[PDB]
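J.:
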Amino acid sequence: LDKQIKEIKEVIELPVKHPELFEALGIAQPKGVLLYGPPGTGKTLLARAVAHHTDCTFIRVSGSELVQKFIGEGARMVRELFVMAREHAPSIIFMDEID
Amino acid sequence: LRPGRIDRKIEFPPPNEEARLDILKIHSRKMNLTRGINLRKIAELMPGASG
Amino acid sequence: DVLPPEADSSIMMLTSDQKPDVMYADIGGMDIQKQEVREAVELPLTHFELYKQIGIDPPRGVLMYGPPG
Amino acid sequence: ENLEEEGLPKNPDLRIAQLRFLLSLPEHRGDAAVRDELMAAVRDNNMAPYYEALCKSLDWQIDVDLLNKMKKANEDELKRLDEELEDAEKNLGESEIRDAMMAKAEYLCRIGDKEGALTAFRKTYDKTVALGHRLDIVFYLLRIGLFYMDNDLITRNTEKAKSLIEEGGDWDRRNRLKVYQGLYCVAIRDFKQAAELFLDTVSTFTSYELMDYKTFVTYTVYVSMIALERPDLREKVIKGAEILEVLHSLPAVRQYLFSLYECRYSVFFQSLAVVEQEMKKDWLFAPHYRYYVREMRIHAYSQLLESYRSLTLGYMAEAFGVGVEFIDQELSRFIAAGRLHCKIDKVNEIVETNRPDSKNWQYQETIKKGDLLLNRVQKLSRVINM
Amino acid sequence: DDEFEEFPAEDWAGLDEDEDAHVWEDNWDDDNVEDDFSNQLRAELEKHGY
Ligand SMILES: Nc1ncnc2c1ncn2[C@@H]1O[C@H](COP(=O)(O)OP(=O)(O)O)[C@@H](O)[C@H]1O
Ligand SMILES: [Mg+2]
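Chains as they are written, first to last, in the deposited numbering: chain A, 154 to 252; chain B, 306 to 356; chain C, 141 to 209; chain D, 4 to 389; chain E, 16 to 65.
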């Protein structure tokens, strides 16, 4: 996945480490990434690897009601996790579709 | 799928013969392997397999 | 005070009299299931060092699922 | 066919250290063949700092044109790596910055700049995120340590490597460390540990950057004959399928190994002399070539006398293909040293074997090894007070 | 500290090129002056006419 590592680096690593590159380029920093492929191909492996290498907090949002007490007692809308995401910025919010 | 929502879409195709060898090399490092294992043949023996 | 670890447990282990009378021979036609359970439960208990030498990480838990009966 | 490609990078080349060691010996100082090979490695890799040290210790004539040509390459390549490091730290990502220093550390190690490589590797280790990449840097430092026989470097990095293998269960790296550990154990006369580590990796050997497999099996046999008992030798070495396959291509080593096991003492002594000269020219076994051969002779004498209550001096001499006087001097020297449990009746030329208990041998070491401990305790209290 | 300048410090003249720099259980038997075992055996093979 050498090609995939480079692709995700310019989108998740470069905006975090070097925000000035995008400002000089005049483009908005990327914020959403989609990793698509057959199951077991390494999508979660690469997403976790980037968060580990850029020192970005890795948050996996499975929608589980077991972890809902940690997100917040409200639990009415999924954006309540942003409070924990802002506190641990830079953060990578990862969701995997079982399908 | 609307442009501007997802800034980059990255494809993860099933590993080919060479990529399977790299994955085979990575995970076999966690085992007591006899010298001379031909992991290339084992990679060839797994067509269309995932990591 | 600090009580002994084996103390203060509402759940008890199986005594000699509480051991079920079902043998492996009493079960018929589950060789695949017996092997998987044996390789993951009773073999790691007695052959933990062999697992480490080969490089296998023994499974901490086993989930047995299927239709009832 | 891809055996050598599996090994770790050959930095530093341990052949160069062996070539340097041969020139240190008075016998092979003037060997043009060894000098040409060492110079070929130096010229190819532009090892300018090694050239200065080679000519300083060995008192050689420095080729000004060759040194200047190599030094210019080193400055140009260091400048290129510095530019790459500058480029990566400003625009590229941290993994690319890490690779830039790894090339700089690798180049300094290649050109023989030991002090620069150790600093560069330490900088690379500090901001290397991957655990295996960190462990490779440790293996680089271990190879650097073995190249210069830096005991502090080897021992410190061996402990670090052991810890890294514990965190990430890399059995592949674990097998390599045993070869690295066994090589150091050979260098520090720890044949008991060298034999154990070598035999565990006789079927998992991929450390081709240190040695070739035939050489590894040759050393594995050598340390086994001095550190293993007779039952352990038969199960592991004599009946070892991996060793036996290699011994087909090494008739001398197989002759040396099987002569002692099959009690062909005249054959064994001839093979022992051959092993001596091989060990004298080996940079690892050179400090211990006298010790190993002396110990091997003790093993052969004890093995012959082990099963017999008494043997005549002539029979011992006939078995080893030597004279009676030679057996007399050798046996007397080893009995006085306390290594052979027998006594010589020179009037009748009979050697009578003894059976001293292990309690006596255990008592003396406790007196010996305990005394060594007491001096450290005695001396440590001396440092404490003032 | 009161260093012992009274006692004549014999000049070092030593080899600072890592003469031994080793840590073993070294004993006196390795230092016995004698030719190599190959020479000793080679000096005895012909002593018997072989
Ligand atoms: N390309 C790859 N290289 C090495 N290991 C892989 C690769 N792809 C998958 N794996 C292994 O598969 C396991 C689970 O894969 P995962 O990333 O969860 O699949 P998915 O991408 O479908 O989420 C991981 O522990 C990882 O070690
Ligand atoms: Mg999946």
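Cβ coordinates follow ideal geometry from the N, Cα and C atoms, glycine included.
In whole angstroms, what is the alpha-carbon distance linking residue 255 of chain D and residue 225 of chain D?
T.: Answer to the nearest angstrom: the Cα atoms are 12 angstroms apart.
J.: Just checking: is the beta-carbon of residue 97 of chain D within a distance shorter than 8 angstroms of some beta-carbon in chain A?
T.: Output row for residue 97 of chain D: interface = yes.
J.: Provide the residue span of the alpha helix (DSSP H) that contains residue 170 of chain D, from first to last.
T.: Unbroken alpha helix (DSSP H) run through residue 170 of chain D: 154 to 170.
J.: Checking contacts by CB at 8 angstroms: is residue 336 of chain B closer than that to chain C?
T.: For residue 336 of chain B, the answer is yes, since a Cβ of chain C falls inside 8 angstroms of its Cβ.
J.: Who are residue 348 of chain D's beta bridge partners in DSSP?
T.: Note: residue 348 of chain D sits in a beta bridge opposite D:353.
J.: Quick check: is the beta carbon of residue 393 of chain D nearer than 8 angstroms to any beta carbon in chain C?
T.: Here chain D comprises residues numbered 4 to 389, so residue 393 of chain D is not present and cannot be evaluated.
J.: In this structure, what does DSSP give as the bridge partners for residue 210 of chain A?
T.: The partner list for residue 210 of chain A (beta bridge, DSSP) reads A:244.
J.: Could you check whether the Cβ of residue 148 of chain C sits closer than 7 angstroms to any heavy atom belonging to ligand 1?
T.: No, the Cβ of residue 148 of chain C stays beyond 7 angstroms of every heavy atom of ligand 1.
J.: Just confirm the distance between the C-beta atoms of residue 182 of chain D and residue 210 of chain D, as a whole number of angstroms; I'd bet it's less than 8 angstroms.
T.: Contact flag correct, Cβ pair sits at about 4 angstroms.
J.: Can you confirm whether residue 340 of chain B, when its beta carbon is compared against all beta carbons of chain D, has any partner nearer than 8 angstroms?
T.: Output row for residue 340 of chain B: interface = yes.
J.: Do residue 329 of chain B and residue 306 of chain B come within 8 angstroms of each other at the CB atom, strictly closer than that value?
T.: No.
J.: For residue 313 of chain D, write down the residues that DSSP places opposite it in a beta bridge.
T.: According to DSSP, residue 313 of chain D bridges with D:355.
J.: Taking beta-carbon pairs under 7 angstroms, can you tell me which members of the stretch 204 to 215 of chain D lie near chain B?
T.: From the stretch 204 to 215 of chain D, only 206, 207, 208, 209 have a Cβ closer than 7 angstroms to chain B.
J.: Below 8 angstroms, how does it come out for the stretch 180 to 188 of chain A and the stretch 159 to 171 of chain A: are there three or more Cβ pairs, yes or no?
T.: Flag = yes, the stretch 180 to 188 of chain A and the stretch 159 to 171 of chain A touch.
J.: Give the interface partners of residue 2 of chain D over in chain A, defined as CB-CB distance under 8 angstroms, in chain order.
T.: Residue numbering for chain D in the displayed model covers 4 to 389; residue 2 of chain D lies beyond these limits and cannot be assessed.
J.: Under 7 angstroms from any heavy atom of ligand 2, does the C-beta of residue 195 of chain A make it?
T.: Checking every heavy atom of ligand 2 against the Cβ of residue 195 of chain A, none is found closer than 7 angstroms.
J.: Taking residue 94 of chain D as the query, report the chain A residues whose CB atoms sit under 8 angstroms from its CB, ordered along the chain.
T.: Neighbours of residue 94 of chain D on chain A, chain order: 171, 174.
J.: Let me confirm a value: residue 320 of chain B is counted as buried when at least 16 other C-beta atoms fall within 10 Å, else exposed. Which label applies?
T.: Result: buried.
J.: State whether the stretch 10 to 29 of chain D contacts the stretch 283 to 292 of chain D, with contact taken as three or more CB pairs (one from each stretch) at a distance under 8 angstroms.
T.: Taking 8 angstroms as the limit for Cβ pairs, the verdict is that the stretch 283 to 292 of chain D does touch the stretch 10 to 29 of chain D.
J.: Measure from the C-beta of residue 32 of chain E to each C-beta in chain D and report whether the shortest distance is under 8 angstroms.
T.: Residue 32 of chain E counts as touching chain D.
J.: With a threshold of 8 angstroms between beta-carbons, can residue 222 of chain A be considered close to chain B, or not?
T.: No - not a single Cβ of chain B is within 8 angstroms of the one on residue 222 of chain A.
J.: Does any C-beta atom of chain B lie closer than 8 angstroms to the C-beta of residue 194 of chain C?
T.: Interface residue, yes.
J.: Comparing the C-beta of residue 23 of chain D with each C-beta of chain E, is any distance below 8 angstroms?
T.: Not closer than 8 angstroms to any Cβ of chain E, the Cβ of residue 23 of chain D fails to qualify, so no.
J.: Just verifying my parser: in three-state terms, what is the DSSP assignment at residue 183 of chain D?
T.: If DSSP states are grouped into helix, strand and coil, residue 183 of chain D belongs with the helices.
J.: Should the stretch 308 to 323 of chain B be called in touch with the stretch 148 to 164 of chain D, which here means at least 3 C-beta pairs below 8 angstroms?
T.: Not touching, per the Cβ criterion.
J.: Should residue 334 of chain B and residue 206 of chain D be called a contact, given that it needs their Cβ atoms to be closer than 8 angstroms?
T.: No.
J.: If you count every other CB in all the chains shown that lies within 10 Å of the CB of residue 98 of chain D, and 16 or more means buried, which is it?
T.: Flag for residue 98 of chain D reads buried.
J.: Is the CB of residue 315 of chain B under 8 angstroms away from at least one CB in chain A?
T.: Chain A contact via Cβ: present.
J.: In terms of residue numbering, what span does the alpha helix (DSSP H) encompassing residue 160 of chain A cover?
T.: From DSSP, the alpha helix (DSSP H) with residue 160 of chain A extends over 155 to 161.
J.: Does residue 175 of chain D get closer than 8 angstroms to chain B when you measure Cβ to Cβ?
T.: Chain B contact via Cβ: present.
J.: According to DSSP, is residue 164 of chain C part of a helix, a strand, or is it coil?
T.: Three-state DSSP puts residue 164 of chain C in coil, outside helix and strand.
J.: Is there at least one Cβ from chain E nearer than 8 angstroms to residue 260 of chain D's Cβ?
T.: Judged by the 8 angstroms Cβ criterion, residue 260 of chain D is not in contact with chain E.
J.: Between the Cα of residue 160 of chain A and the Cα atoms of B:308, B:317, B:309, which residue gives the shortest distance?
T.: With distances taken between Cα atoms, residue 160 of chain A lies closest to B:317.
J.: How do the stretch 237 to 251 of chain D and the stretch 148 to 158 of chain C stand: do at least 3 beta-carbon pairs fall below 8 angstroms, yes or no?
T.: At 8 angstroms Cβ cutoff, the stretches do not touch.
J.: Quick one: which chain E residues come within Cβ less than 7 angstroms of residue 293 of chain D?
T.: Within 7 angstroms Cβ-Cβ: 45.
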